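K.L.:
Let me give you the complex in parts, starting here:
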Amino acid sequence: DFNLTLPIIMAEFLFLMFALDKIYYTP
Amino acid sequence: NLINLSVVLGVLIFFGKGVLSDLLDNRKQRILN
Amino acid sequence: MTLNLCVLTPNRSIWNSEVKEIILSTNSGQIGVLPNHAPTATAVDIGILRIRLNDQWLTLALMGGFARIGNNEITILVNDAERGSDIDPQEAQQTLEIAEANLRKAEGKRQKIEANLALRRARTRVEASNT
Amino acid sequence: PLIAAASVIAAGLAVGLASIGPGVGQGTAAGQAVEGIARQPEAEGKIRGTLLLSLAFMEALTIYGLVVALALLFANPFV
Amino acid sequence: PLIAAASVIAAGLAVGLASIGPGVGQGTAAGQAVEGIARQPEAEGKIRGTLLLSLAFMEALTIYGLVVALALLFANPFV
């Protein structure tokens, strides 16, 4: 079953990627 | 899930502190030397 | 924390002190030797013995030989060894280059063995330039 | 009926024949890896990482078989 | 009926064919690991840790098979 939860998870994961970069990874 | 999760979390917190102690000791030896 | 090692050379009886790790390289490959190792017969070859003092990774270029290795008794019948960086390091890189100079000939099958020994002798000689 | 019974037999045969060979493979891998790690006490971390990746590949094949068995068991498209 | 009987036969074949190969694998692992640990008496702790991780992978495959068998036995979605 391939629902829209895939794009929801990808969108929530890219925010965590950029947020880790901004918060911890660059600092 | 509760009891097994609690036992695993206790053993994991104890051993994770024991391993992070060694990792922080390596980093501390690096910075100190 | 260590084993009685006998770095034995044709004319020399190079140091009888005793150290932690022995990563002598055979024809097959390297093997890490530490205390209470099982008694083994190894044909150590033109690779490099790196020596762990338990303080220092000091590193000996040996030319070749054999190692009869046992229970804290260990005996390495070296063809030729130089303790650590006994050769000069810039001269070590230069010896790699000047045996590169004489590897450039080719004589059939016949003296290609000499070419091989020259190139691998320089290739273990370049170790002390490395570290 | 007979369709769900044959699907169950299919899942059982799939799970058994998938778990058979991969166990033997991972065991041979572990034996030679432990012999090598005893031969050289230096690169145990990278050796354990590569062995974990390969055991993950073998367990991924085994999990693909177990997932096909669970799809046949729990929610089968046929029955 | 016949469906629960075939599910039981499935669970039995799954458990047997899963336990067969992994036992042989873990035994070969243990034999070569003990030979290596006798060859070098130094890194026995890390060797035992790596061997425990690999035996845990093999027993995890075996436990996946046993869990599929127990799901077929106790609370089967078909019967």
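P.N.:
Right, received. Where do you want to start? Numbering: from 1, shown residues only, chains lettered A, B, ... in the order given.

K.L.:
and stretch D:47-61, how far from the chain's centre?
P.N.:
10 Å (Cα atoms, centre = their mean, to the nearest Å).

K.L.:
How about that stretch, which residues are buried there?
P.N.:
Across stretch D:47-61, burial judged by 16 or more other Cβ atoms under 10 Å in any protein chain shown covers D:47, D:48, D:51, D:55, D:58, D:59. For every residue, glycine as well, the C-beta is placed using N, CA and C.

K.L.:
next one: stretch C:56-65
P.N.:
C:59, C:60, C:61, C:62, C:63, C:64, C:65.

K.L.:
Quick check, the first one in contact with residue C:129.
P.N.:
No. The pair residue C:59 and residue C:129 fails to qualify as a contact (Cβ atoms under 8 Å) at a distance of 11.4 Å.

K.L.:
Just the buried residues of stretch D:47-61: which are in helices?
P.N.:
D:47, D:48, D:51, D:55, D:58, D:59 (DSSP state H).

K.L.:
and residue D:43, backbone torsions?
P.N.:
phi -100, psi 40 (degrees, to the nearest 10).

K.L.:
And for residue C:25?
P.N.:
With angles defined as degrees, to the nearest 10, residue C:25 sits at phi -110, psi 120.

K.L.:
And residue C:13, by the same measure?
P.N.:
According to degrees, to the nearest 10, residue C:13 has phi -130, psi 50.

K.L.:
here's chain F, drop it onto the model above:
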Amino acid sequence: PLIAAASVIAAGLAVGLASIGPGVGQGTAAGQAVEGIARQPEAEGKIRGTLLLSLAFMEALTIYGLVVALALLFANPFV
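P.N.:
Chain F now in position relative to the chains above:
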């Protein structure tokens, strides 16, 4: 009917017999690769890359089998 049941049995046999041999192969590969990487601690990166490519080939064969099984299961052209 019987057609979807036989297609399910086909997918199960395909998945099991595909996962059997490739696990043993990848395990033998991993064992000798780890023995070699312990013998020489130099080219571990290129060795891991070549081993990853070969394990990718084996897992690609296994994934072709699993994809044939999933095509038989989910959306079969026969049933």
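
K.L.:
Repeat for the buried residues of stretch D:47-61, accounting for chain F.
P.N.:
Neighbour-count burial for stretch D:47-61 [16+ other Cβ under 10 Å]: D:47, D:48, D:50, D:51, D:54, D:55, D:57, D:58, D:59, D:60, D:61.

K.L.:
Can you sort out which of those residues also neighbour chain E?
P.N.:
The subset of the buried residues of stretch D:47-61 within reach of chain E, by Cβ under 8 Å from any Cβ of the partner chain, is D:48, D:51, D:55, D:59.

K.L.:
Just the helices from chain C, written as ranges.
P.N.:
C:89-102, C:112-125, C:127-130.

K.L.:
most packed of the ones you listed?
P.N.:
Highest mean neighbour count among the helices of chain C (mean count of other Cβ atoms under 10 Å in any protein chain shown): helix C:127-130, with a mean of 18.

K.L.:
Would you pull up the residue in chain B closest to chain F?
P.N.:
residue B:26 (20.7 Å; Cβ to the nearest Cβ).

K.L.:
neighbours of that residue, just the number please.
P.N.:
By the criterion of other Cβ atoms under 10 Å in any protein chain shown, residue B:26 has 10 neighbours.

K.L.:
Now it: which helix or strand?
P.N.:
Secondary structure assignment for residue B:26, by DSSP states H and E: helix B:2-32.

K.L.:
That helix close to chain C?
P.N.:
No. Helix B:2-32 stays clear of chain C (Cβ under 8 Å from any Cβ), getting no nearer than 14.4 Å.

K.L.:
And chain E, is that helix touching that?
P.N.:
No. Counting by Cβ under 8 Å from any Cβ, chain E is not contacted by helix B:2-32; separation bottoms out at 12.0 Å.

K.L.:
now for chain G, put it on the one above:
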Amino acid sequence: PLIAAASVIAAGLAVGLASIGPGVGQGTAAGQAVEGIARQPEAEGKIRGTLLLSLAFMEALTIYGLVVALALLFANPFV
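P.N.:
Take a look at chain G, now in place beside the chains above:
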């Protein structure tokens, strides 16, 4: 009826095919372990402990098979 008979046949096949391979594995383990312990008379206690842990893993797989057989025999959920 036929369901309990097939469950009994399942338990028998499970027990036999589980005990087959693990015996061979534990024997190969014991042989190479005894050869190593004869080669080095020093670490016999730790070697026996590791061998006991691995034989416990193999006998745990065998006991999982025997427990599935006893669950099929004594109190089967199907029959």
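
K.L.:
Once more for the buried residues of stretch D:47-61, now including chain G?
P.N.:
For stretch D:47-61, burial by neighbour count (16+ other Cβ under 10 Å) applies to D:47, D:48, D:50, D:51, D:54, D:55, D:57, D:58, D:59, D:60, D:61.

K.L.:
Chain G versus the third one, what's the distance?
P.N.:
With distances taken as Cβ to the nearest Cβ, to the nearest Å, residue D:50 is found 22 Å from chain G.

K.L.:
Return the distance of that residue relative to residue D:24.
P.N.:
Distance, residue D:50 to residue D:24, by Cβ to Cβ, to the nearest Å: 19 Å.

K.L.:
Also the second one?
P.N.:
When distances are taken as Cβ to Cβ, residue D:48 and residue D:24 turn out to be 21 Å apart.

K.L.:
what ranges do the helices span in the chain?
P.N.:
Picking chain A for this. Under DSSP H, chain A gives helices at A:5-20.

K.L.:
You answered for a different chain; I wanted chain D.
P.N.:
Ranges of helices in chain D, per DSSP H, are D:2-39, D:44-73.

K.L.:
Tell me how many other residues surround residue 1.
P.N.:
Looking at chain A here, since you left the chain open. Counted with other Cβ under 10 Å, residue A:1 comes out at 4.

K.L.:
try again with chain D
P.N.:
Residue D:1, neighbours per other Cβ under 10 Å, totals 11.

K.L.:
so who does residue C:103 touch?
P.N.:
C:115, C:118, C:119 (Cβ atoms under 8 Å, 6 or more residues apart in numbering or on different chains).
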